[PDB]
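Undergrad:
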Amino acid sequence: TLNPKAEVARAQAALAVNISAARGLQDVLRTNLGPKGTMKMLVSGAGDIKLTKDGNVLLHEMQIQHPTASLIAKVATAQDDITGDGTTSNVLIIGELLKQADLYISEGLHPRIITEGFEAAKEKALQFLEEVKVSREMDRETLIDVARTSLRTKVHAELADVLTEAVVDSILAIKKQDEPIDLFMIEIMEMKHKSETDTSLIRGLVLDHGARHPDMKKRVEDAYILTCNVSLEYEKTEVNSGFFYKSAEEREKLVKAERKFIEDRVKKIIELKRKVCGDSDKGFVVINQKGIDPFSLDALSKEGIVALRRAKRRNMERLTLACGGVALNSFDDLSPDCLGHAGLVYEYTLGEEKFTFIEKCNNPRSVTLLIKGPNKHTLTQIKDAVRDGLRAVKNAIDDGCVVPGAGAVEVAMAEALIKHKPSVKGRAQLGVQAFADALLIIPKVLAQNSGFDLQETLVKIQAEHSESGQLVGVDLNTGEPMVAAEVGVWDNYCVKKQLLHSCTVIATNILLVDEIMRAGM
Amino acid sequence: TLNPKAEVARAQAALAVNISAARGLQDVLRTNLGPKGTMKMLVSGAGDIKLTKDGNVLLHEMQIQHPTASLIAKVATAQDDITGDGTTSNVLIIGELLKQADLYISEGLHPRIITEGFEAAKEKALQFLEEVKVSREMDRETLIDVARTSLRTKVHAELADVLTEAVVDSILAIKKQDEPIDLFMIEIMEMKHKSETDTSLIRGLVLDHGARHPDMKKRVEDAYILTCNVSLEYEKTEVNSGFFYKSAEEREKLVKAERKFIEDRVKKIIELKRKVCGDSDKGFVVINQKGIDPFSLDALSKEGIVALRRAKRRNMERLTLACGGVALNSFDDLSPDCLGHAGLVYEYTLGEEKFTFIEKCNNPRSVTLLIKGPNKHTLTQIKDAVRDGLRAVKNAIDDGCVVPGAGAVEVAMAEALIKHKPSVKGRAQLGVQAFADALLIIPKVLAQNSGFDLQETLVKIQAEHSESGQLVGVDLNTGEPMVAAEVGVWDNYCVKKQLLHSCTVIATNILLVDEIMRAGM
Amino acid sequence: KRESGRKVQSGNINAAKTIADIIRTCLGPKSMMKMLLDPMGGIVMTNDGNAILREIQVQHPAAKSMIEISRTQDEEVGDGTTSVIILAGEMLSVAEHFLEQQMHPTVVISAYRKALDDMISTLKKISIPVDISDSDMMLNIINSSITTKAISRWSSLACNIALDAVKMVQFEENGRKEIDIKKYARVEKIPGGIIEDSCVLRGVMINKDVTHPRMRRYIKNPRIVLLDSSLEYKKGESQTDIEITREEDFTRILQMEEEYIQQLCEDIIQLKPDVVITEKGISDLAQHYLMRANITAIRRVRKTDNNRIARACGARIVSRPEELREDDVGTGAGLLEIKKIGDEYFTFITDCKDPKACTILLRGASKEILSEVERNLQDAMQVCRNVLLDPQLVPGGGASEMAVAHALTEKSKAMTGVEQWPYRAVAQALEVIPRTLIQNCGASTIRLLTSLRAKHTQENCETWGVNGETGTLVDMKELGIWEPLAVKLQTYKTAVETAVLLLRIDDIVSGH
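Chains E, L and D, in that order, are what the protein sequence lines are. Its first residue numbered 6, the first sequence is counted upward by one per residue in UniProt numbering. Its first residue numbered 6, the second sequence is counted upward by one per residue in UniProt numbering. Its first residue numbered 15, the third sequence is counted upward by one per residue in UniProt numbering.
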């Protein structure tokens, strides 16, 4: 009984397909959890190789064959946008909720009752986070432990010590006046021909194209930045005229006549240098974005001027906040208003290229984090670790409450839910028991990736109790119970709050699908 | 890795085969539990139909195709030989122990640790059974409740009240002054051409072969019992002689000479009758086992004697203890000291044959339970219900302690195990948790056979709690929690004690089988 | 048909390894069980390593040699048979140096033979003596076999049964201290009673039934006559039967038959003994003269059974009954009891003397209990035999194999040549014994085995074994797993010799 070119499962097998898809995806992403976890390889098919442990990158970029498992891949996209961490632990909890519910559904229990047990347990678990959150003020020592916890998972536990002081000092530079932190205030740059440990901090903005000319000053202590949008290269006639040439020699006469539009404007740059602070112990810099004719580069180099070309629109806006000079669209309007101020400006030297450093700006209200690595895929791996560590510190500053890590909260929530009786119906208790044992999967997986038994590690941390509030967690190296507060392992409150809210909504909709129908397939 | 003409399973799959064998056997025998359960049909292939709910019959007689499930069938044989009840609940617990342990084994837990959890939980459940049993004295009102509980499961809930007064009264008469009770003191007989509701008590013994002669007394009020093994039919020469005959007539003349030895002994029976109580209102009975010549039947019939011949061994055994007549192997030793005493002796005429009733005796130390039914298989079903009812009352009088039924004890034991902390090994609690949820299968199956929900019934009985002792059980008709002690639902103490010992040993040995090898197969 | 080349030695490894892989979990008190499928559908759950390999049909010839050697081991020692095959399979389990390294077998065989002498000298250093005069120390030694058995309640009685029986059979004057259980220690079963009623009878009990009602029931000073020949009419040199078709000749043959039988029985009763024990059968005409003398008729008694009676009551073995002298008497016997015990006819020649032999009486309620008590006392007597031969114990629970593995590693540093690689493989092959004990318990194998090697490096190798029941580490001075040295020596000598025998065969040829 059915129509041609149509397929539907009216029985509970529709749930058996969705649960089997979640259990399969659970086993794929469980091995990369924790800093001791294995790494996944991403092959683009064209020969590119990418290596990352980030759950969002693995689900977004890779393609999943099973249709239902692709819906969960879209969940990590909304999870990473609001918080930025916990996309891997999000899938592991959803896979366990559907596995624990399958045991009770096989006994004849209706899925609607189980979904009501998740909602009653969610309101109790979110209430528990308010009790164990720590109001401790953010300082340098706390941000190091938060940054180290986030970075240790994405690296080899070597660069983590180097990148820790880089991420913390980058956010503290843009933090002041209780202003909301903006990630657009920090720009990430990548460089080749260097080792991985050469990553450091840059106080100013880094530019790609540098000044190429033998007479250019290798370093300039002080100078006034002149912002210009105008190109000094060969351009079309800006007045009423045209290009008329009867031979090759006449065409050169048109070029010499056309260059006069640039030439008179180049002397305006020298006229401005001798105007404002044209005496000794002064300097001048040309940040001009568009191209510059080589004659202007040689003419300005005689006066001790460092000129730049081929910049970016976003960089020119960052340069403005560093100097304060106003962008100038016409050289006839040139005035001192377009002049800013800057500190030491020098040129770094690679084996091939050279970059310009504006470093020691007055009030740039921004910085630049500079990444160096021997390989291209290494730069991408580090860039993914930096943006992850920045949002971790950003969430710890924006929300002054932090929560312990290493599976300390999940084990504590599983104990409180067992002692909580449902206030709605008696059959809702099966939903609480399923959600209670689901939070325990996180400390279980941490034991597998560390090479330890799943049962022995869980029993020791679970049997640990006292007459006062105590925080126990899994120690990856030793395996014995460990206090997360004493060893400096912390997480973000907004991450754990959104984790419990996301896993409940997504796992509910999966159990609410009665029939899987093919339309036009 | 194996020898030819054989097969071996090296991995843990050999354990999965044994678990699937118990789960398959659990689903077959779970429908016959309780009075509301269904019935299984036994087809011997020759056209014989048998219908019974007894677990020992559905196993011992029915040959199981699967090799592993045949071992459990041999366990129920030793199970019924001790207590006589609980073979159905024995298989259901073994199937659940292997099912709950499969969840932890699939997680990488070694079977030996789970088996140690069963031993620790068995001692805790056995000591908890000590406080549950009631020491109240056994009287007629309590034995009826024990009889009804045992009979209601094996019948249609019609013959129950009919068979209730038959089982209780038969046990009380054969036991006085704390004397050891034997079920061999009660005889089971079957008659046809009568309704199934005609089952009643028999004070005496039912004899197969009666008296043949027109003048035989249909009833004799008083008479003496003379036990004889002697054959009164034709016999060879007792002294030393041979067959000497000149014709066929002379050989028949030696017959009267050989019969003279027997005919003179027949007169001795007539002499003893007239010597001891040969007057009016008296009688005499010949219980002689062997045959009697028809001519000797005529001489004894004229005196008022009811002759018997062609009896069995079990008949003469009970007639010796009931009546008191001493076995006499020769009539030369005939003396009145070997005579017994009996009450009214009459032969009830059926639609086909005639049976002799020796009833109205003082202290025969023997009785009979007469079963009547329209068909053959109905007689077999009732005979099994009687013996199952006799052992239920015997165990209740022998052991003065009785425990509540209707799944009240199994639920009470499951609560004490959860609140019990491990006394031996930290990981041994997983075996205790699996053994605790396995004791809950008894109230679950009673809910399915009653037509109610499995989950709603279990939650209500578990929600019952108070300060004092509260024991509730599954009510089949209503579904609400019901106290089994108030409504007269009781079980034997040795039955619940043996299940804990049997279900623990058998479920352990199944988990201890590492590989399955073929020897000569 | 046949195999030749490297396939033979590579095939002998897989054949010996497959047989060993079955019983790997059968070692230890926590040992797992097994399942055998009968051809009719039966199931045998026994965990005994001897019964499993007995019912398994093995196709490969080397697999048969593994079983036949283990069956020979059971005759000498009823313990440690499973450990022999595990070690014999583990020493051959490393095929790297056998094939991939392209080493000649004799180069590897020379390594095992040099490692065999080192494993023997190491056990004698870590051993400990034993005082055989104290029965308390012998109690904990025998309890190794008694544990996890139903005789644990009567275990205190089971020790005195095996101890006193072997001490009687032991003859220490010869200098070799030879002990034979299969003859002098011969055991029979008695129906009826309980396990507590079982005692050690001093003497030789005969199971011969009582044919005629006239016999001596109880005697204060029995008299026993031992003679080999049967009592019968003397026949010819052949087995040809006597066929007589005439009645007059029947009286001539019957008179000769009654005369010679009465003549031999007359010389037997001249000394007036209480019993007649013959090696062969006894005819019906001879029993008529035995019942007339009111003496017990005993026949079908072997030579070894008669040799023990002569040293007990002081009897003498004579070829023919006509040559019986006064030297054959039963003077000195305690009592003679033909009384029925447990619905069976028994004979007690028991006395106060020790004729290098005794008889064990097994009481019991049912034949199922008798079969359990019998086999449990059999190996217990072999434990007593192994201790009295070499009163030295070695630490068990895997401490003995690890103590030797540490000595082989330290000595291999001074060995220079290509033989050092297979010489070190023996040290790692002995770790399989403590490995199976931990795997059966459920604890992590790698974590405990690694920490176990650090204990024998620092602390003394005589202690720090592996607890089988708990799974943790414990010293063997605080636990009763101490095992006789004669068992461990026979185990290593057999495991190495069997591994060498299979490496020496490079070809399998079929022919007769």
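Note that beta-carbon positions come from the ideal geometry of N, C-alpha and C, so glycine has one too.
Measure the C-alpha to C-alpha separation of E187(D) and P369(D) and round it to an integer number of angstroms.
TA: If you take the alpha carbons of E187(D) and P369(D), they lie about 14 Å apart.
Undergrad: At least one CB of chain E closer than 8 Å to the CB of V464(L): is that the case?
TA: Yes, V464(L) counts as interfacial toward chain E.
Undergrad: Could you pull the DSSP bridge partners for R208(E) from this structure?
TA: Partner(s): none; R208(E) has no beta bridge.
Undergrad: At a CB distance below 8 Å, what residues from the segment 439-472 of chain E approach chain L? Give them in sequence order.
TA: Those residues of the segment 439-472 of chain E that come within reach of chain L (Cβ to Cβ, closer than 8 Å) are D458, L459, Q460, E461, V464, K465, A468.
Undergrad: What span of residues does the alpha helix (DSSP H) with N320(D) cover, start to end?
TA: Run containing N320(D): 317-326, per the alpha helix (DSSP H) assignment.
Undergrad: My assumption, with CB atoms under 8 Å, is that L215(D) sits in contact with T364(D). Please give the rounded CB distance.
TA: Confirmed, Cβ separation roughly 6 Å.
Undergrad: Return the residue from the list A457(D), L466(D), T464(D), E476(D) that minimises the CA-CA distance to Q460(E).
TA: For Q460(E), the nearest C-alpha among the options comes from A457(D).
Undergrad: Report the residue from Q182(E), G296(E), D53(E), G348(E) whose alpha carbon sits nearest the alpha carbon of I402(E).
TA: Nearest C-alpha to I402(E): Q182(E).
Undergrad: Looking only at C-alpha atoms, which of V80(E), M67(E), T93(E), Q70(E) sits nearest to residue 1(E)?
TA: Past the boundaries of the shown model lies residue 1(E); chain E is included only from 6 to 526, so the question cannot be answered.
Undergrad: Going by beta-carbon coordinates alone, are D337(E) and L237(E) separated by less than 8 Å?
TA: In this structure, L237(E) does not lie closer than 8 Å to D337(E) by Cβ.
Undergrad: What is the DSSP secondary structure of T162(D), reduced to helix, strand or coil?
TA: In the structure shown, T162(D) sits in coil (DSSP, three-state: anything other than H, G, I, E or B).
Undergrad: Write down every uninterrupted run of the alpha helix (DSSP H) in the segment 95-173 of chain E whose length is 4 residues or greater and which is fully enclosed by it, in chain order.
TA: Runs of the alpha helix (DSSP H) inside the segment 95-173 of chain E: 116-137, 145-156.
Undergrad: Tell me whether the segment 485-500 of chain L and the segment 384-401 of chain L touch, counting them as touching only if at least three CB pairs, one residue from each stretch, are closer than 8 Å.
TA: The segment 485-500 of chain L is in contact with the segment 384-401 of chain L.
Undergrad: Work out the CA separation of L177(L) and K273(L) for me, nearest whole Å.
TA: Between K273(L) and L177(L), the C-alpha separation is close to 41 Å.
Undergrad: Going along the chain, which residues of its own chain have a beta-carbon closer than 7 Å to the beta-carbon of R322(D), five neighbours each way excluded?
TA: Closer than 7 Å at Cβ, skipping near neighbours: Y198, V218, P369, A371.
Undergrad: Is any beta-carbon of chain E found at less than 8 Å from that of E415(L)?
TA: It does not; no Cβ of chain E falls within 8 Å.
Undergrad: In angstroms, rounded to a whole number, what distance separates the CA positions of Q276(D) and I238(D)?
TA: Near 19 Å, if we compare the C-alpha coordinates of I238(D) and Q276(D).
Undergrad: Whose Cβ in chain E lies nearer than 8 Å to the Cβ of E112(L)?
TA: The contacting residues are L459, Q460.
Undergrad: Do the segment 125-139 of chain L and the segment 34-45 of chain L make contact, defined as three or more Cβ pairs closer than 8 Å?
TA: With the cut-off at 8 Å, the segment 125-139 of chain L and the segment 34-45 of chain L do not touch.
Undergrad: If you measure from the beta carbon of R432(L) to each beta carbon in chain E, is any gap under 8 Å?
TA: It does; some Cβ of chain E falls within 8 Å.
Undergrad: Let me know the secondary structure DSSP gives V331(E) once reduced to three states.
TA: Residue state, collapsed to three classes: coil.
Undergrad: Quickly, what does DSSP pair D496(E) with across the bridge? List them, please.
TA: According to DSSP, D496(E) bridges with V408(E).
Undergrad: Can you tell me where the beta strand (DSSP E) holding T373(L) begins and where it ends?
TA: That run of the beta strand (DSSP E) goes 372-377.
Undergrad: Leaving out five residues before and five after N454(D) in sequence, what residues of the same chain have Cβ atoms less than 7 Å from its Cβ?
TA: Excluding positions up to five away in sequence, the list reads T39, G42, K44, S45, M46.
Undergrad: Within the 8 Å Cβ cut-off, does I57(D) reach chain L?
TA: Yes, because at least one Cβ of chain L sits closer than 8 Å to the Cβ of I57(D).
Undergrad: Would you grab the beta carbon distance between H420(D) and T486(D) for me? Rounded to a whole angstrom, and I think it's under 8 Å.
TA: At roughly 20 Å, the Cβ-Cβ gap does not stay under 8 Å, so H420(D) and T486(D) are not in contact.
Undergrad: What residues of chain L sit near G207(D), judged by a beta carbon separation below 7 Å?
TA: Going along chain L, no residue has its Cβ under 7 Å from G207(D), so there is no contact; the nearest lies around 23 Å.
Undergrad: Going along the chain, which residues of the segment 486-510 of chain D sit with their C-beta nearer than 9 Å to a C-beta in chain L?
TA: Cβ contacts with chain L: none found.
Undergrad: May I ask which residues mark the beginning and end of the alpha helix (DSSP H) holding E424(D)?
TA: Unbroken alpha helix (DSSP H) run through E424(D): 413-425.
Undergrad: With distance defined between alpha-carbon atoms, name the residue in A332(E), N380(E), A421(E), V450(E) nearest to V437(E).
TA: Of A332(E), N380(E), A421(E), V450(E), the residue nearest in Cα terms is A421(E).
Undergrad: Taking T6(L) as the query, report the chain D residues whose CB atoms sit under 7 Å from its CB, ordered along the chain.
TA: Correct list: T32.
Undergrad: Just to make sure I have the definition right: I need the residues of chain D whose C-beta is within less than 8 Å of the C-beta of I118(L). Which are they?
TA: The answer, in chain order, is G456.
Undergrad: Roughly how many angstroms separate the alpha carbons of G410(D) and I495(D), rounded to a whole number?
TA: In a straight line, the C-alpha of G410(D) is about 5 Å away from that of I495(D).
Undergrad: Could you compute how far the alpha carbon of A419(E) sits from the alpha carbon of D442(E)?
TA: Approximately 7 Å between the Cα atoms of the pair.
Undergrad: Go through the segment 433-494 of chain D residue by residue and report every complete run of the alpha helix (DSSP H) that reaches 4 residues or more, in order.
TA: Whole alpha helix (DSSP H) segments, 4+ residues: 434-443, 446-455, 459-472.
Undergrad: Under the DSSP definition of a beta bridge, which residues are partnered with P486(L)?
TA: The partner list for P486(L) (beta bridge, DSSP) reads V479(L).
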